[PDB]
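Asker: Whatever this is, show me its structure:
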Amino acid sequence: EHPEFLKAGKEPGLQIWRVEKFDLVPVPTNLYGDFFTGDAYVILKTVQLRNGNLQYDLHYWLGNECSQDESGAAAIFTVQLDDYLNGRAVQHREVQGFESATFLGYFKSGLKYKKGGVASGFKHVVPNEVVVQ
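Answerer: Residues are numbered from 1 along each chain as shown. For reference, the structure is listed below:
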């Protein structure tokens, strides 16, 4: 499909992404800054080291209301990125209620925690019209 987190790498700084729709989904403005407990967020940091090999680090965050199934899919994509960057990157997955200074240090503005997505805005794309039978 369109894996941006795994294919991420076009700017030395920080990129935030979120899993949604059985694929990778970015977090538009206004939305960024709020972590969800019913989903997984994948973040990849990129900097320019002396040699200029562009350092690549990534943190895998999961929600407490996401059994190993949802957390498994998120960790799965994170594990692949590692094999691709099993050179010396910084891979570290964080959980809700157990974050670390790295996270609290990456965002000190005060990350908001949203819970319960009261919204039935979601439809399944059907295969063209039912003309076929």
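Asker: Point me to the residue sitting closest to the centre of the chain.
Answerer: The residue at the geometric middle of the chain, judged as the C-alpha nearest the mean C-alpha position with CA atoms, centre = their mean, is residue 42 (1.9 Å).
Asker: Checking that residue next. Helix, strand or coil?
Answerer: Secondary structure for residue 42, judged by DSSP: H, G, I helix; E, B strand; the rest coil, is strand.
Asker: For it, list the residues it contacts.
Answerer: With contact taken as CB atoms under 8 Å, 6 or more residues apart in numbering, residue 42 is in contact with 5, 17, 18, 19, 24, 58, 59, 60, 61, 74, 77, 78. For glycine as for every other residue, the C-beta is placed from the backbone atoms N, C-alpha and C.
Asker: Isn't residue 95 up against residue 62?
Answerer: Yes: taking contacts as CB atoms under 8 Å, residue 95 lies within contact range of residue 62: 5.7 Å.
Asker: The two: who's more crowded?
Answerer: Here residue 95 and residue 62 are compared on neighbour count by other CB atoms under 10 Å; more neighbours surround residue 62, at 24 against 14.
Asker: Who are the contact partners of the closest residue in space to residue 115 that isn't next to it in sequence?
Answerer: Nearest residue to residue 115 in three dimensions, chain neighbours excluded: residue 37, at 5.3 Å (CB to CB, 6 or more residues apart in numbering). Residues counted as contacts of residue 37 (CB under 8 Å, 6+ apart) are 63, 64, 65, 66, 96, 113, 114, 115.
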